[PDB]
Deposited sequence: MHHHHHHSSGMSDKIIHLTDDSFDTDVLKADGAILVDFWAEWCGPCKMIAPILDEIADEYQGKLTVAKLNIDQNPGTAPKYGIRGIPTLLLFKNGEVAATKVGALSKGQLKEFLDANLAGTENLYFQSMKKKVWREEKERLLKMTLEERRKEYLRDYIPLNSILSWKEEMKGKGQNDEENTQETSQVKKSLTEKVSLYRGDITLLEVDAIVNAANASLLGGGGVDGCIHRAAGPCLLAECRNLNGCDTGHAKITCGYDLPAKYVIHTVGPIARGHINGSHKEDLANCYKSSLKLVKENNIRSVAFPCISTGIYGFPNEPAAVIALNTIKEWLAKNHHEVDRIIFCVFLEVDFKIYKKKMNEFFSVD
């Protein structure tokens, strides 16, 4: 498609309200107000009001931004990257094409198009074919930092992150969670007034259990 088709669709969407946007959805959505804060989850038995754990499909989330664990081309592929591209529709590929790829540990922002999410932040996680090393640890932190820099610059008040570089990209689940949680905690300490929620999207039981154990450690007392 021609660049003015995605550019015009993007301008159309970005000036709409939630209520105008909602009228156009072809799927049921998950509004931010339906996801408990970790604070609500805990008094169910502070930065705990600013973080959530979510087990579902990231593409359902009506938030200012979802984070795509993309590949270097930004052209899509398999897993959730593929699910984000199908739910967003072909304007997402067209805008991504115009970005000319993305480096490891970097991020770029596009419109969300047909997603309930206003934007997609695309970030390229390190690939560990052997044991994680210093460079992989630094790049994974950089994915979170460069994503959160786009969150701050674009007045994104709600953002959902996947478990970047886990699975095929070879980052082990526990150490990846430590980097993700340290990076968001450090950023929240300086920027908490600028966001309503950071959501950790944790589909797999293995990731759900790891994050559940660590939320208090990073966000409590």
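Gaps in the model relative to the deposited sequence occur at 1-128, 174-189, 366, listed in sequence order.
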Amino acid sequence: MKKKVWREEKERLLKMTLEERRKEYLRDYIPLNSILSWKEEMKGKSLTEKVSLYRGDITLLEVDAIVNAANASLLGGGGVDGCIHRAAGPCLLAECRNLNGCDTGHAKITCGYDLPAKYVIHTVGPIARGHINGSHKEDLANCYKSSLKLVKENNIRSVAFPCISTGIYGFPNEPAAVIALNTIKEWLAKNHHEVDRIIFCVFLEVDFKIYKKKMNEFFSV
From here on, numbers count along this sequence of modelled residues.
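Here the stretch with the larger average CA B-factor, out of 77-85 and 123-131, is 77-85.
The PDB entry records a higher mean C-alpha B factor for 185-193 than for its counterpart among 185-193 and 157-165. In this PDB entry, residue 104 carries a Cα temperature factor that places it within the lowest third of its chain's modelled residues. Per-chain ranking of the deposited C-alpha B factor places residue 46 in the highest third. Residue 62: CA B factor lies in the lowest third for its chain, per the PDB record. The PDB entry assigns residue 171 a C-alpha temperature factor belonging to the lowest third of its chain's modelled residues. When all modelled residues of the chain are sorted by CA temperature factor, residue 14 is found within the highest third.
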